[PDB]
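Shown next: my_file-v3.pdb, containing PDB, C-alpha atoms.
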```pdb
MODEL        1
ATOM      1  CA  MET D   1    -182.488 -29.861-229.519
ATOM      2  CA  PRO D   2    -178.975 -31.396-229.950
ATOM      3  CA  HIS D   3    -175.814 -29.935-228.480
ATOM      4  CA  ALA D   4    -172.285 -30.418-229.781
ATOM      5  CA  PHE D   5    -170.616 -33.758-228.970
ATOM      6  CA  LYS D   6    -169.093 -33.977-225.460
ATOM      7  CA  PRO D   7    -166.997 -36.615-223.614
ATOM      8  CA  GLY D   8    -169.157 -39.554-222.500
ATOM      9  CA  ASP D   9    -171.542 -39.359-225.418
ATOM     10  CA  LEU D  10    -172.312 -42.786-226.922
ATOM     11  CA  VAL D  11    -172.267 -43.255-230.707
ATOM     12  CA  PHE D  12    -171.783 -45.580-233.540
ATOM     13  CA  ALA D  13    -168.643 -44.390-235.302
ATOM     14  CA  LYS D  14    -167.911 -44.980-238.989
ATOM     15  CA  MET D  15    -164.631 -45.572-240.670
ATOM     16  CA  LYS D  16    -163.739 -46.727-244.173
ATOM     17  CA  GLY D  17    -163.978 -50.487-244.641
ATOM     18  CA  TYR D  18    -165.599 -51.050-241.262
ATOM     19  CA  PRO D  19    -169.271 -51.387-240.173
ATOM     20  CA  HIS D  20    -170.762 -48.549-238.035
ATOM     21  CA  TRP D  21    -169.048 -49.393-234.736
ATOM     22  CA  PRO D  22    -170.159 -48.991-231.018
ATOM     23  CA  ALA D  23    -168.016 -46.242-229.516
ATOM     24  CA  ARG D  24    -167.834 -43.298-227.104
ATOM     25  CA  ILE D  25    -166.399 -39.784-227.126
ATOM     26  CA  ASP D  26    -163.387 -39.942-224.807
ATOM     27  CA  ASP D  27    -161.902 -37.297-222.565
ATOM     28  CA  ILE D  28    -158.310 -36.258-223.194
ATOM     29  CA  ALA D  29    -156.168 -37.047-220.123
ATOM     30  CA  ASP D  30    -153.773 -34.401-218.817
ATOM     31  CA  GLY D  31    -150.556 -34.782-220.855
ATOM     32  CA  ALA D  32    -152.194 -36.746-223.651
ATOM     33  CA  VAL D  33    -151.971 -36.011-227.386
ATOM     34  CA  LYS D  34    -154.842 -33.667-228.343
ATOM     35  CA  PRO D  35    -157.002 -34.418-231.437
ATOM     36  CA  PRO D  36    -156.688 -32.391-234.661
ATOM     37  CA  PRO D  37    -159.030 -29.352-234.889
ATOM     38  CA  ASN D  38    -162.711 -30.234-235.376
ATOM     39  CA  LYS D  39    -162.026 -33.922-234.479
ATOM     40  CA  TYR D  40    -162.921 -35.927-231.360
ATOM     41  CA  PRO D  41    -161.072 -38.801-229.650
ATOM     42  CA  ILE D  42    -163.219 -41.868-230.327
ATOM     43  CA  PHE D  43    -162.869 -44.974-228.164
ATOM     44  CA  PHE D  44    -164.108 -48.108-229.971
ATOM     45  CA  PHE D  45    -165.809 -50.666-227.728
ATOM     46  CA  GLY D  46    -164.676 -54.279-228.044
ATOM     47  CA  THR D  47    -161.424 -53.480-229.910
ATOM     48  CA  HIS D  48    -160.583 -50.833-227.322
ATOM     49  CA  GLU D  49    -158.879 -48.831-230.102
ATOM     50  CA  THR D  50    -158.871 -45.016-230.448
ATOM     51  CA  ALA D  51    -159.177 -42.915-233.622
ATOM     52  CA  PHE D  52    -159.782 -39.226-234.338
ATOM     53  CA  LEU D  53    -163.075 -38.587-236.122
ATOM     54  CA  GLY D  54    -165.283 -35.658-237.012
ATOM     55  CA  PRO D  55    -169.120 -35.395-236.587
ATOM     56  CA  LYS D  56    -169.842 -36.653-240.103
ATOM     57  CA  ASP D  57    -168.788 -40.153-238.970
ATOM     58  CA  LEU D  58    -170.539 -40.028-235.518
ATOM     59  CA  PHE D  59    -174.119 -41.315-235.203
ATOM     60  CA  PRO D  60    -175.786 -40.847-231.736
ATOM     61  CA  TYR D  61    -176.331 -44.267-230.166
ATOM     62  CA  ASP D  62    -179.987 -43.914-229.030
ATOM     63  CA  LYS D  63    -181.224 -42.883-232.502
ATOM     64  CA  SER D  64    -179.027 -45.409-234.396
ATOM     65  CA  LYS D  65    -178.970 -48.613-232.369
ATOM     66  CA  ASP D  66    -181.997 -50.118-234.098
ATOM     67  CA  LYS D  67    -180.109 -50.023-237.395
ATOM     68  CA  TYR D  68    -176.499 -50.574-236.352
ATOM     69  CA  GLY D  69    -176.730 -52.514-233.078
ATOM     70  CA  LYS D  70    -176.908 -56.031-234.532
ATOM     71  CA  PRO D  71    -174.210 -58.772-234.198
ATOM     72  CA  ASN D  72    -171.330 -58.607-236.679
ATOM     73  CA  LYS D  73    -168.692 -61.166-237.582
ATOM     74  CA  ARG D  74    -165.863 -58.606-237.314
ATOM     75  CA  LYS D  75    -163.295 -59.034-234.531
ATOM     76  CA  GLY D  76    -164.373 -57.308-231.308
ATOM     77  CA  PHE D  77    -167.764 -56.129-232.539
ATOM     78  CA  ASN D  78    -170.015 -58.315-230.346
ATOM     79  CA  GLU D  79    -167.923 -57.605-227.235
ATOM     80  CA  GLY D  80    -168.267 -53.948-228.106
ATOM     81  CA  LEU D  81    -172.066 -54.271-228.333
ATOM     82  CA  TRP D  82    -172.044 -55.667-224.782
ATOM     83  CA  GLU D  83    -169.865 -52.841-223.448
ATOM     84  CA  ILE D  84    -171.928 -49.989-224.895
ATOM     85  CA  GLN D  85    -175.203 -51.509-223.555
ATOM     86  CA  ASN D  86    -173.922 -52.704-220.181
ATOM     87  CA  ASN D  87    -170.991 -50.580-218.936
ATOM     88  CA  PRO D  88    -170.323 -47.803-221.506
ATOM     89  CA  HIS D  89    -168.561 -45.550-218.998
ATOM     90  CA  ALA D  90    -166.091 -48.017-217.459
ATOM     91  CA  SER D  91    -162.329 -47.974-217.623
ATOM     92  CA  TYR D  92    -161.253 -50.422-220.369
ATOM     93  CA  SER D  93    -157.559 -49.610-219.881
TER
ENDMDL
END
```
Whole structure, structure tokens version:
Amino acid sequence: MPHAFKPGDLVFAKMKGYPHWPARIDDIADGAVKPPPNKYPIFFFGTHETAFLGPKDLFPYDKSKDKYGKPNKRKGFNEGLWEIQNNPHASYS
């Protein structure tokens, strides 16, 4: 059975006006800004951007990839597909 989300989990993450996007739950570095309560720091593959999202907008990657893991015209999306499949745990700093 599922646990709560944890750093390193792979997802597609949804935000308004954007397709379901390949992403991971990030750690918070010592000294870094902490997320709001009940939100997680989401790192978006390809764009390398970060947003704070709650579980309603996080779809586990294994279950969802068949629906959401197809090429998209949006900037960064296809690079992000490569990252989540091929090196989802690397430093992209």
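From CA of residue 2 in chain D back to CA of residue 40 in chain D, the distance works out to 16.7 Å.
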**Message:** So that I can check the surroundings of range 50-52 of chain D, please list as a ChimeraX atom specification every protein, DNA and RNA residue that reaches within 7 Å of it, counting all atoms listed in the file and ignoring chain neighbours fewer than 6 positions away.
**Reply:** /D:35,39-44
**Request:** Could you tell me which residues the PyMOL selection byres ((chain D and resi 6) around 9) grabs in this file, written as a ChimeraX atom specification?
**Result:** /D:3-5,7-9,25-27,40
Can you turn the PyMOL selection byres ((chain D and resi 59) around 7) into a concrete residue list for this file, as a short mmCIF file (atom, residue, chain, number, x, y, z; two decimals) with C-alpha atoms, keeping the file's coordinate frame?
```cif
data_model
loop_
_atom_site.label_atom_id
_atom_site.label_comp_id
_atom_site.auth_asym_id
_atom_site.auth_seq_id
_atom_site.Cartn_x
_atom_site.Cartn_y
_atom_site.Cartn_z
CA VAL D 11 -172.27 -43.26 -230.71
CA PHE D 12 -171.78 -45.58 -233.54
CA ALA D 13 -168.64 -44.39 -235.30
CA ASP D 57 -168.79 -40.15 -238.97
CA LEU D 58 -170.54 -40.03 -235.52
CA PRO D 60 -175.79 -40.85 -231.74
CA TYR D 61 -176.33 -44.27 -230.17
CA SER D 64 -179.03 -45.41 -234.40
#
```
Sphere at (-173.3, -48.6, -219.1), radius 12 Å, counting all atoms listed in the file: residues as a PDB file with C-alpha atoms, keeping the file's coordinate frame:
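Contents of the output file part-v2.pdb:
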```
ATOM      1  CA  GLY D   8    -169.157 -39.554-222.500  1.00  0.00           C
ATOM      2  CA  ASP D   9    -171.542 -39.359-225.418  1.00  0.00           C
ATOM      3  CA  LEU D  10    -172.312 -42.786-226.922  1.00  0.00           C
ATOM      4  CA  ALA D  23    -168.016 -46.242-229.516  1.00  0.00           C
ATOM      5  CA  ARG D  24    -167.834 -43.298-227.104  1.00  0.00           C
ATOM      6  CA  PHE D  45    -165.809 -50.666-227.728  1.00  0.00           C
ATOM      7  CA  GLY D  80    -168.267 -53.948-228.106  1.00  0.00           C
ATOM      8  CA  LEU D  81    -172.066 -54.271-228.333  1.00  0.00           C
ATOM      9  CA  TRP D  82    -172.044 -55.667-224.782  1.00  0.00           C
ATOM     10  CA  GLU D  83    -169.865 -52.841-223.448  1.00  0.00           C
ATOM     11  CA  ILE D  84    -171.928 -49.989-224.895  1.00  0.00           C
ATOM     12  CA  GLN D  85    -175.203 -51.509-223.555  1.00  0.00           C
ATOM     13  CA  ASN D  86    -173.922 -52.704-220.181  1.00  0.00           C
ATOM     14  CA  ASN D  87    -170.991 -50.580-218.936  1.00  0.00           C
ATOM     15  CA  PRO D  88    -170.323 -47.803-221.506  1.00  0.00           C
ATOM     16  CA  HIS D  89    -168.561 -45.550-218.998  1.00  0.00           C
ATOM     17  CA  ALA D  90    -166.091 -48.017-217.459  1.00  0.00           C
ATOM     18  CA  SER D  91    -162.329 -47.974-217.623  1.00  0.00           C
TER      19      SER D  91
END
```
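Minimum distance to residue 54 in chain D across D:1, D:69, D:14, D:21 (counting all atoms listed in the file) occurs at D:14.
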Give the padded box for range 28-46 of chain D as lines of an AutoDock Vina configuration file: axis-aligned, covering all atoms listed in the file, 6 Å on each side, centre and edge lengths in Å to one decimal.
```
center_x = -158.2
center_y = -41.8
center_z = -227.1
size_x = 27.3
size_y = 36.9
size_z = 28.6
```
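As for CA of residue 33 in chain D and CA of residue 74 in chain D, they are spaced 28.3 Å apart.
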**Asked** In Å to one decimal, how far is CA of residue 73 in chain D from CA of residue 19 in chain D?
**Response** 10.1 Å
